[PDB]
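Student:
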Amino acid sequence: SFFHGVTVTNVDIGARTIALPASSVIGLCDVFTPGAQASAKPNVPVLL
Amino acid sequence: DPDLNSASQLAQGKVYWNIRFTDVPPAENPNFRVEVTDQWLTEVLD
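So the protein lines, in turn, are chains c and p. Mapping the first sequence onto PDB author numbering, position 19 (from 1) lands on 20, and the numbers just tick up by one. Mapping the second sequence onto PDB author numbering, position 46 (from 1) lands on 384, and the numbers just tick up by one.
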């Protein structure tokens, strides 16, 4: 008697769906003047 | 659409509908083709 009772198990043997990662994400790097009105730091990436 | 509603496209929450139609084009060039014939010329006999 290794188990006495109901045993409900999810077997999880479906075929997974595959999606496309990202169509167009544009990596940009051009110069700018850091200061008061510019909210970014001169080396960190900023998501726009 | 049958081919785009696959079992894997529907599993991601993607369901496709096709709307095909035709517009009403503006009649910018209405052509009229006049011919003078003699088909009903024998109609003036009776």
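C-beta: ideal position from N, C-alpha, C; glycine also.
#1: Along the stretch 7-41 of chain c, where does the CB come closer than 7 Å to a CB of chain p? Name the residues.
#2: Could you compute how far the alpha carbon of residue 3 (chain c) sits from the alpha carbon of residue 14 (chain c)?
#3: If we ignore side chains and look at the alpha-carbon of each, how far apart do residue 44 (chain c) and residue 38 (chain c) end up?
#4: In its own chain, which residues sit with a C-beta less than 7 Å from the C-beta of residue 22 (chain c), not counting the 5 before and 5 after it?
Tutor: Taking the coordinates as given:
#1: Under the 7 Å Cβ criterion, the stretch 7-41 of chain c contributes 18, 20.
#2: Taking the straight line joining both Cα atoms gives about 25 Å.
#3: C-alpha of residue 44 (chain c) to C-alpha of residue 38 (chain c): approximately 17 Å in a straight line.
#4: Cβ within range, chain order: n/a, list empty.
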